[PDB]
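Survey of secondary and tertiary structure
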Amino acid sequence: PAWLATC
Amino acid sequence: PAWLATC
Amino acid sequence: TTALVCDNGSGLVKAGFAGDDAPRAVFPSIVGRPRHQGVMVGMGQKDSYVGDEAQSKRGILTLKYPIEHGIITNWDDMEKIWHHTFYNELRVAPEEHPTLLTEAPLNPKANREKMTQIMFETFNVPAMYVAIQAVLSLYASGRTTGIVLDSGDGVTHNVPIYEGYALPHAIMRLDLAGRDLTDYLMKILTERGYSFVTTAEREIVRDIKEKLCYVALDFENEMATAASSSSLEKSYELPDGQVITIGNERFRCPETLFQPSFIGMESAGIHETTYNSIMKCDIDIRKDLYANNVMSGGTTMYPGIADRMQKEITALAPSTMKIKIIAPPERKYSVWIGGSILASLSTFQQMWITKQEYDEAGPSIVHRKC
Amino acid sequence: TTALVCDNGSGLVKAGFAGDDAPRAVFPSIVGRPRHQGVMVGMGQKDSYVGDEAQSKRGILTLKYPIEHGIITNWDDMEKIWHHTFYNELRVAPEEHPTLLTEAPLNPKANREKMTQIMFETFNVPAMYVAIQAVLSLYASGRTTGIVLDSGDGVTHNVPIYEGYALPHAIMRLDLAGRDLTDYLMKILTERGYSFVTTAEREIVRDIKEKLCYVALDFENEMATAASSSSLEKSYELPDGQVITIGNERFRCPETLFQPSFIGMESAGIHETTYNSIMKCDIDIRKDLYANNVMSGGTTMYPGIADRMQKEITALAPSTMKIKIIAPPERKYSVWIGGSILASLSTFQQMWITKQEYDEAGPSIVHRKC
Amino acid sequence: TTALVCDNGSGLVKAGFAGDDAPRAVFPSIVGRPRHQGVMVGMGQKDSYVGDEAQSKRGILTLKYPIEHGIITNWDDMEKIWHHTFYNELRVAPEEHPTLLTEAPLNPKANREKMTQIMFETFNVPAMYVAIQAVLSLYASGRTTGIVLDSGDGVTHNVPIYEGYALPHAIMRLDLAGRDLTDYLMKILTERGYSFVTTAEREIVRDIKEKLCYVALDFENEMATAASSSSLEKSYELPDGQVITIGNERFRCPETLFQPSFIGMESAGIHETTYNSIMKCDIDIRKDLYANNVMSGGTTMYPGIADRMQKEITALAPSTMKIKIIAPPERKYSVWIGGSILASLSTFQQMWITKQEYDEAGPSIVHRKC
Amino acid sequence: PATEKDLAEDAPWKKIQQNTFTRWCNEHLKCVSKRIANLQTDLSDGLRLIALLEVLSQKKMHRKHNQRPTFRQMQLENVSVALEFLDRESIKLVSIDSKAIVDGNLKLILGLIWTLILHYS
Ligand SMILES: Nc1ncnc2c1ncn2[C@@H]1O[C@H](COP(=O)(O)OP(=O)(O)O)[C@@H](O)[C@H]1O
Ligand SMILES: Nc1ncnc2c1ncn2[C@@H]1O[C@H](COP(=O)(O)OP(=O)(O)O)[C@@H](O)[C@H]1O
Ligand SMILES: Nc1ncnc2c1ncn2[C@@H]1O[C@H](COP(=O)(O)OP(=O)(O)O)[C@@H](O)[C@H]1O
Ligand SMILES: [Mg+2]
Ligand SMILES: [Mg+2]
Ligand SMILES: [Mg+2]
């Protein structure tokens, strides 16, 4: 989370 | 790394 | 002529003028909004609150961090942090003199570019420059060679440097950080019967983490000691009275660094990433990095962390290698003092990103110069 | 040889022998005491009443729940529930064969240990075992992979499982539950002019909540429909005559799940916690959890809740991911059928906590084995 | 009578019976173990998983490669790969007929000897034989003269041969391989905002590398083309939805071969090592090696790699020398087809290492015969 | 492609071997009057696996098994008790779990029987 995809 | 010493 | 600095930390904003030993203003990186209706008339009660003002009214505010893992999620919110940083906290105009910024390595290019797109258009600084948060620590320590460990509230990197030469092949990034310690600390307290399940309640758990937790040089020995002896148990006075007492939870969460198996991250650990990053380097470089292991940034204030890290790397590292971990008292700001130093260099005056060059090349000018 | 089961729900007690499809006895988790003096002579009228007997005499009894948010407040009271559960409801001795218990995740360690301290000393079962209320639901559904939603009267958890591997990093807990729906339902009825302001009056409002409320697939559309059309208005015959009629209150309270802004809890919501918990897991695991979203326990009987939850997660979740929410008719007991199954395993015979091991290790034996 | 073959690749296991055009079974060279506790009862969930079964459950498994850079780190783990290779994948006994193995040149003697120590004691084959992974490629191509480029997931060698005479003075070894491409591909995607930081997440990045990356005949021209034109941008559907889109990263990592300055290895490059190895040979030999430049093994499937390598060596090589690079479609297995051919020779029956000779001479018999 | 006809699925040797495993195990089960039409799905209940071990090993199980499983978990209990028995039999098994045997991952069930052929001969 807070990434454009994974996380 | 994966060698008995350097790497 | 003097250029200001803004750390833009993942959990704390730290800004001040260059050539200054201590920063002018520091405030948490939070923006809050009311979650209740406004009954009063002529009360003000506007939408947004940031900084320590938000902690004052946190009871009726839901706090959302605009910066997360060194990555910006809410851009309109982060714009408010900078407006509060310059006008409200420092009371200084940005248009008069340029600004120095920091950001963690391996961030996405959009964060690295969009960060620049906001300054020149919104605030219109005369120039700007971005720098990796790690490199600044050397300037503070005053040594060309070493391996740096930022440990900020968002991310930790473990980058090595050899006579000022950064190696991108050896650099590392691990998202484990203080918010994971707080979120994990909020979890294990459920065991003791204390429940903190809101944004406002998170800040007290963060406050508990700062002044009361330690690294537990020997984890397995100390856990057995905690059950047998109640000496480690201490209390903290959260607001609303309700005194509390934490025992083995006092040092359970900082162990998440050395082994993240508790939180579940498939990572080697903080001790082994520094061991991995150094082994990625050439053989001749390893000697100096062991001798110069800089410890900086937040999350490194747990007492004895230098002892745990020295004890731990020594087991993995071979004999005859002297390990000296540099954990100065002035850390939690060493990234900033590097900014005051880095801006003070006369050579550094060429490396700014001026307004005139932005319009010519656009926001892609950052990558080639920075 | 057969071991009995006791759910020990936060709002309802459900106990029966293992290997049985339906439970033997079910009664509310309430203990009442008179709030009036006893004028009659030779009347009995002792201090404590529990179960459906309390609902019979609730007019002159003040009801206090011993179990609250999955946490036990009155221990001497909860001891009476178990004595009534075995001797009065089931008419079975606990000393002959062991018992299976359930409890919600992230409860305090005292509840998890003290629960064990009472059984072996008071009732003296030959052995015992505790299990997280979520895991049992898989046994009932007969699938190794899935994400479970208990929604009991005390708490909801939203824990994911992948081939039987529980992930403590992804587990969640939210105190919003049926008592908050009842307490909120007691509040909004004040709007219609109906007042329920006592423990006995609470039970009628709970009874109204069961058979008459629905989830309102489209909240904003249905609210405008409620004011325009009176078709949704229905009546309920509370005792003392006094028929009543609820309109938009019929579906206002169950919406507190998807948005707790009404009751004021700083929570994301039931739909987003399942979205948050799944995102905490690895990327490969997310596909199966969307396909297997188990719905269990009480509070999930609102008609169309599977449609609202499927419609809602689909908006947040990305395309190409098939979302199938499993809401079997046999829920409100699926935690129990898992207990009948879990006790039936021959492998499970090793996992009991016997009397002889308790005296050796004490009440701290629960954490390592359970 | 037929002897089976086992490639024992540094990133992929490929085994089948001799005299067969296609291999019987192929599976990745991975062993995984759970990083989460087992909540279910009677679930199985044993410690070790290998092959495609590990990719099925990779979400809750941490993957460690037993073979690394053509060197075995975990011997107990590699023993499990062979047990799975014969009993589970092929369903064939090793004691009935001998086995053919492969290994990269210049490996340590312990790997070359210990490889033999395991077979006769654990599996007890009637005989065995090891062969350099390069030589087998000629058998597949059916030509006596040429220079081979394995490019396996662990290592690349660039060995020349002249009428079947191997020259140890001209042989070369470079550890750059697919795992470095994957590890580098995991790095540059951080630029686009995609983060893959786990063993399970590594496999998706490897899957992205296979079907989507190309060699970029003209690097400097294509980079300027990527920024100007978005035609090269394509998307890949990783699990968990979350579609992604890579642009210049699509062809940034395979360029690490021709210039390893990106990853930081002090190496000349793949194009120049073949140029160096050929120049180490006699003058008369250079003509045939340029005419016969065999391309084999994994990592050579990037479209146009024969064009890039032909264009590149042509610049370094002198005029009048015809350069023809043989990149057959059947590569990624050519080392195996050489094993099926090499075992099929009647002359080859003398060169086996039988059980009776092992006990007489010990595990040092490999070096003199092989 | 022609380079890997076998690796995709349904090769001749995969089917010929599967037919061989089916005939062998059934002959031992003639005493108990049990037949295995499809090795993939017939071992889901796991009872046939228990009966096969009873004939070959001529021993009794260390844990009692369910007579008939209706739910999924009781099926895995029967198969898990089976694999744990082979550990007591001093047989080495790698990467064959109860979940795969019930789900019928045909590549793995054939490996389980092949270990029994070489051990029992
Ligand atoms: N005395 C302390 N002991 C332990 N942790 C601390 C202490 N002071 C601050 N921290 C932690 O450090 C974090 C702030 O890190 P910071 O230095 O701001 O990094 P950055 O500048 O990259 O944001 C906080 O989230 C807090 O939990
Ligand atoms: N038909 C129904 N419709 C709506 N809610 C219901 C219905 N039946 C029961 N409930 C709610 O479910 C709650 C009981 O939950 P329960 O299944 O006992 O969870 P637990 O077993 O964890 O206590 C009650 O408080 C009640 O409000
Ligand atoms: N179509 C493809 N395109 C690009 N790379 C590929 C492709 N197929 C396989 N690879 C790469 O080849 C590697 C496998 O090499 P392999 O042929 O197994 O060498 P070895 O047999 O020496 O292990 C993998 O790590 C993968 O990244
Ligand atoms: Mg910092
Ligand atoms: Mg329940
Ligand atoms: Mg190869």
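Per the PDB record, this model was obtained through cryo-EM at a reported resolution of 3.54 Å.

What follows deals with the overall build of chain C. Each helix and strand counted, chain C has 14 helices and 18 strands in total. Relative to the 2.2 N^0.38 estimate, which gives 21 Å for 370 residues, the radius of gyration of chain C is 22 Å and therefore close to what a compact globule would have. Each principal axis of the C-alpha distribution contributes one length, and for chain C these read about 70 × 65 × 35 Å. Per-residue burial over chain C gives 55% buried out of 370 residues. For chain C, the accessible surface area stands at approximately 16,200 Å², while carbon and sulfur atoms represent 50% of it. With 37 positive and 46 negative side-chain charges, chain C shows a spacing of 1 Å between the two charge centroids.

Together, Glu163, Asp282, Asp284 and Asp288 of chain E make up a region of like negative charge exposed at the surface. Along the polypeptide, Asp282 of chain E turns up in the loop between α9 (270-280) and α10 (286-291).

With that settled, consider the arrangement of the chains. There are ten pairs of chains in contact here; the most contacts are made by chains E and F. The least C-alpha distance between chain A and chain F, which are not in contact, is 28 Å. Taking C-alpha atoms only, the smallest gap left between chain B and chain F, which are not in contact, amounts to 25 Å.

This next bit is on the site of ligand 2. Residue and element names in this part refer to chain D. The environment of ligand 2 is made up of 16 residues, and the closest members are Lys14, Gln133, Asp153, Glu210 and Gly298. Between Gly298 and ligand 2, the recorded distance is 2.8 Å, taken from a backbone N or O atom to an oxygen atom. Between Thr299 and ligand 2, the recorded distance is 3.4 Å, taken from a backbone N or O atom to an oxygen atom. When isolated, ligand 2 has an accessible area of 580 Å², and the protein chains bury 91% of it. Elements supplying a minimum of two residues to the shell around ligand 2: β2 (12-17) and α6 (199-212). Residue composition of the shell around ligand 2, by class: two nonpolar, eight polar and six charged. Both domains that furnish three or more residues to the shell around ligand 2 are identified here as domain 1 (2-30 + 67-130 + 333-369) and domain 3 (132-177 + 267-328).

Attention now moves to the sheet that holds strand β6 (residues 61-64) of chain E. Sheet strands associate in pairs through backbone hydrogen bonding, adopting either a parallel or an antiparallel arrangement. Residues and elements named next belong to chain E. Taken in spatial order, the three strands make up an open sheet running β5-β4-β6, and their pairing is antiparallel. Each having just a single partner strand, β5 (49-50) and β6 make up the two edges of the open sheet. Here strand β4 (residues 31-34) runs beside β5; their pairing, made up of two bridges, is antiparallel. Note that in β5 the partner of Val31 across the bridge is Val50.

Residue and element names in this part refer to chain E. Scanning the entire structure with this criterion turns up 64 salt bridges over all chains. Where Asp7 meets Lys14, a salt bridge forms, and the shortest distance between an N and an O atom there is 3.4 Å. The buried category is assigned to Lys14, whose relative accessible area is 8%. Among the ionic pairs, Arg308 bridges to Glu255, the shortest N-O distance being 2.8 Å. Pair noted here: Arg308 is in helix α11 (residues 305-316) and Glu255 is in helix α8 (residues 255-258), with a separation of 53 residues, a long-range link.

Rules and cut-offs
Residues numbered from 1 in each chain as written, not as in the entry; some residues may be left out. Chains lettered and ligands numbered in written order. Part of a larger assembly, values for the part shown. Heavy atoms only, no water. Helix = DSSP H or I, 4+ residues; strand = E, 2+ residues; numbered from the N terminus. Rg over C-alpha atoms; globule rule 2.2 N^0.38 Å. Buried < 20%, exposed > 50% of the residue type's maximum accessible area, 1.4 Å probe, protein only. Areas by Shrake-Rupley, 256 points an atom, 1.4 Å probe, with all protein chains shown as cover. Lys, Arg positive; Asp, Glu negative; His and termini not counted. Charge placed at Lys NZ, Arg CZ, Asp CG, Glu CD. Patch = residues over 30% accessible without salt bridge, like charges linked within 9 Å, V, L, I, M, F, W, Y side chains within 5 Å. Salt bridge = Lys/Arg side-chain N within 4 Å of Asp/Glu carboxyl O. Contact = heavy atoms within 4.5 Å. Near = heavy atom within 4 Å. Polar contact = N/O pair within 3.5 Å; in protein donor to acceptor, adjacent residues only side chain to side chain. Nonpolar A, V, L, I, M, F, W, Y, C, P; charged D, E, K, R; others polar. Domains from an automatic or database assignment. Pairing = 2+ DSSP bridges.

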